[PDB]
Amino acid sequence: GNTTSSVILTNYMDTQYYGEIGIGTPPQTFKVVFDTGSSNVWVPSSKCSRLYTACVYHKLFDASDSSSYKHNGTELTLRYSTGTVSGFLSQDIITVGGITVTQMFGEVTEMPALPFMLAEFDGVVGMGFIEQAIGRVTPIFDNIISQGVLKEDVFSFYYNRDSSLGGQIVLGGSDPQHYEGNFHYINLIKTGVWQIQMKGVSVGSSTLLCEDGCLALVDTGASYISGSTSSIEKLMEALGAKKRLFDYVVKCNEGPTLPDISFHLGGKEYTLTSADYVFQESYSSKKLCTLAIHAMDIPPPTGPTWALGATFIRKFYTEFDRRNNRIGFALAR
Ligand SMILES: O=C(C1=C(c2ccc(CCCOc3c(F)ccc(F)c3Cl)cc2)C[C@H]2CNC[C@@H]1N2)N(Cc1cccc(Cl)c1Cl)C1CC1
Ligand SMILES: *[C@@H]1O[C@H](CO)[C@@H](O)[C@H](O)[C@H]1NC(C)=O
């Protein structure tokens, strides 16, 4: 086809990048994260109890207000770290940029207060494959591909630093105004997951990690770069960082002196300087500065794996190519 559709993202604090979609007739709008690490569309249901903090603070989809809704009712569940997210399947018309698609999505009726009540967005549009869809529900980008409207069966992410355009997703191509040079591509290890081979992770110009190869999930829905607890332990030792309960930290004054961390993907070292991975909220020796790298043990079959989230994407404009089952990175502007 002939279309590319872009959707403007708002950057909240360098951790949440979301844009709007519309569901139903007339459209009920929702701020959503576009998440290559997941495969389902989810918004909160109007059937969600107001005793869920995550529901009270978010917009709720109301099927009783949409003329185009088609009931399903199939229960679906995501076993999230802090508790179950669950709800039920519904079908409605969803608009993303200029694209309109009839889509099955989960209406969430219960989920943990944490981290969901902290989300500035209402929902999540999974950009991953049917292979990983809960209930094997056809994902949105599959439905869009089927419509034959896109210039190319790709979508791209631009995540800005904070903070001004917060970010941009492009459906059907990329946006040259937001990268420089050309893409370099890496083949997916397999179709079904936006996961590539990584050959190594270096601190400074020496390769401390992943020396015998490892996996890299490219996960637009993740705020941070993540590695297994054991990998991150070693990285943070190499960096001199201290473990807090939920993050790692350095004295703010040594932030700018932290080494380059390099990820070796395809034929390129993708290098983050300390400016890329330290939340430099002060330069004081009296304060602790958080690192935009965290431990996360992603269970099989996806994990164990590294995850390259917003931290990585802010630096490298990313194209996810369904036609060619590959991910392309270019230096973000
Ligand atoms: O933690 C996730 C992740 C995933 C995730 C995807 C869907 C869900 C269920 C739907 C939740 O819908 C939300 C919501 F995300 C936030 C508020 C809501 F009201 C609703 Cl209904 C939960 C987790 C999947 C997986 C790969 N990408 C990443 C991460 N791990 N997410 C939640 C999240 C990420 C970062 C900050 C915050 Cl505050 C949140 Cl809640 C989803 C935004 C991407
Ligand atoms: C809901 O849609 C799914 C297709 O993914 C189908 O399996 C199911 O039968 C439908 N549910 C009902 C009860 O209508």
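Every number in this text was worked out from the coordinates using simple rules, so none of it is lab data. We place every Cβ from the backbone using ideal geometry, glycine too, and count neighbours over all the protein chains shown.
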- Message: Conditions first: (1) among the charged types (D, E, K, R); (2) in a loop (DSSP other than H, G, I, E, B); (3) over 29 Å from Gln168 (Cα atoms). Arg323 passes all but one, so which condition is the exception?
- Response: (3)
- Within the range 23-56, track down each residue that is away from ligand 2 (no atom under 16 Å from the Cβ) and among the β-branched types (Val, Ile, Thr). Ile23, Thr25, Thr29, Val32, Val33, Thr36, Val43, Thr53, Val56
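Yes or no, residue by residue, for (1) among the hydrophobic types (A, V, I, L, M, F, W, C); (2) surrounded by 22 or more Cβ atoms within 10 Å (Cβ to Cβ); (3) within 20 Å of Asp219 (Cα to Cα):
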residue: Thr102; (1), (2), (3): no, no, no
residue: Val108; (1), (2), (3): yes, yes, no
residue: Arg136; (1), (2), (3): no, no, yes
residue: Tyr158; (1), (2), (3): no, yes, yes
- Meets criteria (buried (at least 21 other Cβ atoms within 10 Å of the Cβ) and part of a strand (DSSP E or B)) for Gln91: no
- Take the range 110-134 and flag every residue that is over 18 Å from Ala222 (Cβ atoms), among the acidic types (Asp, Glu) and within 11 Å of ligand 1 (Cβ to nearest atom). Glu110, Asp122
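Does the range 312-326 hold any residues that are among the aromatic types (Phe, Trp, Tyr) and either surrounded by fewer than 21 Cβ atoms within 10 Å (Cβ to Cβ) or touching a helix residue (DSSP H, G or I) at 6+ places or on another chain (Cβ under 6 Å) (or both), and which are they?
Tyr317
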- Message: I'd like the full set of residues that are within 16 Å of ligand 1 (Cβ to nearest atom), crowded, with 19+ Cβ neighbours inside 10 Å and not hydrophobic (A, V, I, L, M, F, W, C), limited to the range 177-220.
- Response: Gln195, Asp219, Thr220
- Select from the range 297-310 the residues that are in contact with a helix residue (DSSP H, G or I) (Cβ under 8 Å, 6 or more places away or on another chain) and closer than 16 Å to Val201 by Cα and list them in ascending order. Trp306
